[PDB]
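Student: The following block contains the structure, expressed as structure tokens.
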Amino acid sequence: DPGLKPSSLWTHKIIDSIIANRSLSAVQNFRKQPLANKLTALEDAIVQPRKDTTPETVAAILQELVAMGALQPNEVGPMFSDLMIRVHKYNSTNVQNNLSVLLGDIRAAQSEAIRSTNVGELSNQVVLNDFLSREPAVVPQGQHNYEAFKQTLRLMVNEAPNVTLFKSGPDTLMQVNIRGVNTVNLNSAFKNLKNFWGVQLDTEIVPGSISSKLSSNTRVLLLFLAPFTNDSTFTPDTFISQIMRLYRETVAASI
Amino acid sequence: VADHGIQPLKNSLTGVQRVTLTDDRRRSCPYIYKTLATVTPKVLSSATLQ
Amino acid sequence: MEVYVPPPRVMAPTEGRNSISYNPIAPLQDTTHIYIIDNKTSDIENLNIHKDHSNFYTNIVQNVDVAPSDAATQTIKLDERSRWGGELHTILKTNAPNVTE
Amino acid sequence: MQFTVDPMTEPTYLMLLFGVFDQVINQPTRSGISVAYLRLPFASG
Amino acid sequence: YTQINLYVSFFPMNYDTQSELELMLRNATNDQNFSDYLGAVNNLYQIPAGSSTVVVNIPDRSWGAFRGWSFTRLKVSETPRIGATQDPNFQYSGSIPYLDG
């Protein structure tokens with residue numbers, strides 16, 4: 001999208017995510033809401049607000065002419081309001097079909113670029129390179145375990161046999177074939193691992209209160225990446241370099 | 001007493017309404033003491049689609 | 001054995017296509033009548049403080065329930081779906097002399 | 001509401017202001033703006 | 001008044017970057033909404049000379065999203081009436097507490 005599309009449409013979608021397809025997470029968010037936020041989602045079950053898709057369809061083909069290099073990016077400023085002022089005047093069924101056929105040729109032009117190049121084989125990397133983008137890329141107390149953790153995570157995406165690595169709205173999940181607790185939230189695992197990069201195992205009155213703050217989410221992520229690392233990895237005598245040689249030898253021994 | 005034809009209405013008729021009454025030469029005529037009019041809405045066309 | 005189940009009728013909707021809308025009372029799926037009188041323009045202020053019946057600012061709401069000056073400021077909302085049209089019917093009185101300034 | 005004030009010597013008003021909300025704007029095409037005024041509770045319309 | 005001009009200020013944004021912003025602000029989802037900071041409906045109620053009580057009255061309305069009250073007396077000789085073009089009963093040029101605080 002340019003984008004002309006809003007994000008987080010939960011005020012229109014939380015009520016047919018409970019009735020249709022029976023989401024338990026949508027129920028837990030819905031009971032939490034105040035009474036005013038709750039009544040603005042009960043009407044959208046009854047009547048759904050109809051949105052005009054004309055300016056989103058016209059702006060879809062102005063971005064294609066930029067993508068083909070037909071016109072400069074400063075020209076979709078004036079040319080968009082010159083094409084919307086024409087379809088407001090001469091609006092008819094013969095025009096509304098002309099927008100859809102041109103829009104149908106945009107998706108058919110790029111779906112041919114997907115099947116011929118076979119980028120569906122690299123569908124794991126596209127979701128994953130989008131995830132490692134908005135990250136800070138410079139952590140305090142770390143930065144050699146942090147760079148090496150991403151490289152062993154990109155290695156698991158390419159070398160593991162069947163990883164789906166899909167995403168929900170806000171975050172990115174990751175599903176492997178170990179049944180049960182397949183899924184790992186990669187986003188909330190990097191907020192738990194925000195402080196635990198340059199931690200060294202020196203200051204412990206009792207063992208614990210460092211390895212106990214590792215939640216059950218990010219502990220499973222440290223279990224999936226454990227066979228695909230080495231000792232020529234995370235810098236030695238740290239906290240994360242001794243987890244990854246503990247979880248490696250509880251998988252290489254449990255065979 | 002007059003009888004005018006159809007003229008299109010606005011979609012939101014406010015509470016306070018400007019009634020300006022003038023002569024041929026764009027001046028406020030002071031010799032009027034009683035004036036009133038009626039407006040009845042009717043449907044001319046639809047601005048829905050197509 | 002092929003029992004005819006009739007369709008339940010709809011009771012065509014309020015706030016519809018031709019709906020003169022005012023918020024507390026019920027709307028009208030019809031045509032209506034509003035007035036621009038010079039009896040009112042009285043007890044409303046800041047609209048004519050010294051003004052003739054040439055330039056005068058009237059109230060068209062006629063609501064004796066909420067009054068005064070709150071009958072004004074509220075709008076008679078015609079529908080956006082239809083393009084409307086109004087018939088004007090005026091009544092005049094004057095006392096203009098022959099020779100004047 | 002029934003207020004009770006001291007008896008002064010000359011007539012006074014009473015500035016009573018009800019706390020309401022007050023909201024408004026799009027430019028879909030050049031040289032064009034449509035607006036929508038709204039305020040609650042005292043809706044102007 | 002001798003002469004009166006209006007001044008505006010143009011931000012010199014690059015036309016490539018501006019054209020992305022100009023395309024996103026012409027949506028119906030990116031509508032710029034605002035709010036009056038006071039958020040109030042101001043009603044001036046008459047208190048005559050020597051009287052101690054005043055009784056306000058509001059009939060049945062829809063009171064959704066009500067926020068609160070605020071009240072302070074104001075003298076008639078110091079408070080004008082705004083929306084008229086000229087107030088001949090307002091002979092006062094001191095501080096006006098209705099529009100100043």
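Student: Inside 10 Å of the C-beta atoms of E:84-94, what's the mean count of C-beta atoms belonging to other chains?
Tutor: On the way: counts 7, 6, 2, 3, 2, 1, 0, 0, 0, 0, 0.
Other-chain Cβ atoms within 10 Å of each residue's Cβ, averaged: 2.
Student: Taking a quarter of the surface of the Cα convex hull of chain E, what do you get in nm²?
Tutor: Working: hull surface 53.5 nm².
Projected over every direction and averaged, the Cα hull of chain E covers 13.4 nm².
Student: Students often check this: by mean Cβ neighbours within 10 Å, which of C:46-59, A:58-71 ranks highest, and how do the rest follow?
Tutor: So the order, starting with the most tightly packed, is C:46-59, A:58-71.
Student: Can I ask one more? Please give the average number of partner chain Cβ atoms lying within 10 Å of the Cβ of each residue in D:1-9, rounded to a whole number.
Tutor: Numbers: counts 8, 4, 9, 3, 6, 2, 6, 8, 2.
Average neighbour count from other chains, rounded to a whole number: 5.
Student: With viscosity set to 0.890 mPa s at 25 °C, what whole-number translational diffusion coefficient in µm²/s follows for chain D from Stokes-Einstein and a Kirkwood radius over Cα pairs?
Tutor: Working: Rh = 14.9 Å.
Translational diffusion coefficient: 164 µm²/s.
Student: Moving on. Do me a favour and compute the ellipsoid semi-axes for chain C from its Cα gyration tensor, root of five times each eigenvalue, largest one first, whole Å.
Tutor: Numbers: eigenvalues 389, 63, 21 Å².
Semi-axes (√(5λ), whole Å): 44, 18, 10.
Student: Set the Förster radius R0 to 45 Å, insert the Cβ-Cβ distance between A:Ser116 and A:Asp237 as r into 1/(1 + (r/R0)^6), and round the FRET efficiency to 0.05. Mind dumping the intermediate values first?
Tutor: Details: r = 51 Å, r/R0 = 1.12.
So the FRET efficiency works out to roughly 0.35.
Student: What pairs from A:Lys167/A:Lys191; A:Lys51/A:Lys89; B:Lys42/C:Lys77; C:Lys40/E:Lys75 go past 22 Å between their alpha carbons? Intermediate values should be presented prior to the final figure.
Tutor: Numbers: A:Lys167/A:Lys191 17 Å; A:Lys51/A:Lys89 19 Å; B:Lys42/C:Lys77 13 Å; C:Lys40/E:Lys75 28 Å.
From A:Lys167/A:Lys191; A:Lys51/A:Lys89; B:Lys42/C:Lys77; C:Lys40/E:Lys75, over 22 Å: C:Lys40/E:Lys75.
Student: Same structure again: Which FRET efficiency value, to the nearest 0.05, is calculated for C:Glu45 and B:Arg25 with the Förster distance at 22 angstrom and r the Cβ-Cβ distance? Don't jump to the answer; show the numbers that get you there.
Tutor: Numbers: r = 31 Å, r/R0 = 1.41.
Between C:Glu45 and B:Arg25 the formula returns 0.10.
Student: If packing is taken as the mean number of other Cβ atoms within 10 Å per residue, what is the order of E:83-94, B:35-46, highest first?
Tutor: Working: E:83-94: 10.6, B:35-46: 15.8.
Per-residue Cβ counts within 10 Å, averaged per peptide and sorted highest first, yield B:35-46, E:83-94.
Student: Could you give the radius of gyration (one decimal) and Dmax (whole number) of the Cα atoms in region A:90-213, in Å?
Tutor: Calculated on Cα positions, Rg and Dmax stand at 21.9, 78 Å.
Student: Can you give the three extents of the C-alpha atoms in the protein assembly as shown along their principal axes, from longest to shortest, in whole Å?
Tutor: 115, 79, 69
Student: Just tell me how shielded C:41-49 is by partners: mean number of partner chain Cβ atoms within 10 Å of each residue's Cβ, no decimals.
Tutor: Details: counts 3, 0, 0, 2, 5, 8, 6, 2, 8.
Rounded to a whole number, the mean comes out at 4.
Student: A further question on this structure: Placing +1 on the Cβ of each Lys and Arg and -1 on the Cβ of each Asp and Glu in chain E, which of E:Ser95, E:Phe34, E:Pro59 has its Cα farthest towards the positive end of the resulting dipole?
Tutor: E:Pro59
Student: With a Förster radius of 30 Å, plug the Cβ-Cβ distance of A:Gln143 and A:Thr183 into 1/(1 + (r/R0)^6) and report the FRET value to the nearest 0.05. Intermediate results must be reported in sequence, preceding the final value.
Tutor: Details: r = 29 Å, r/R0 = 0.96.
Taking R0 as 30 Å, the efficiency between A:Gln143 and A:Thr183 is 0.55.
Student: At 37 °C and 0.692 mPa s, grab the translational diffusion coefficient of chain A from Stokes-Einstein with a Kirkwood Rh over Cα pairs, rounded to a whole number in µm² per second.
Tutor: Working: Rh = 23.0 Å.
D, rounded to a whole number, is 143 µm²/s.
Student: Using +1 at the C-beta of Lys and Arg and -1 at the C-beta of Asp and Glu, which of A:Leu103, A:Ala41, A:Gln125 has the Cα lying farthest in the positive direction of the dipole of region A:1-157?
Tutor: Value computed over the given set: A:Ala41.
Student: Write down Rg/Rh for chain B, rounded to two decimals, with Rg from the C-alpha atoms and Rh from the Kirkwood relation over Cα pairs. Show your work: numbers first, answer last.
Tutor: On the way: Rg = 15.4 Å, Rh = 14.6 Å.
That ratio is 1.06, to two decimals.
Student: Residue farthest toward the positive end of the dipole of the protein assembly as shown, with Cβ of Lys/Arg at +1 and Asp/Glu at -1: which of C:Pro6, A:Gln242, D:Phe18?
Tutor: Looking along the dipole axis, the top candidate is C:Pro6.
Student: Taking the Cα centre of chain A as origin and charging only Cβ (+1 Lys, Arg; -1 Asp, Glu), how large is the dipole, in debye to the nearest 20? Write out the running numbers ahead of the final one.
Tutor: Values: 23 positive and 22 negative charges, 164 e Å.
Approximately 780 debye in magnitude.
Reconstructed Cβ throughout: ideal geometry from the backbone, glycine too, with neighbour counts over all protein chains shown. Here, each number is a calculation from the coordinates, and none is a lab measurement.
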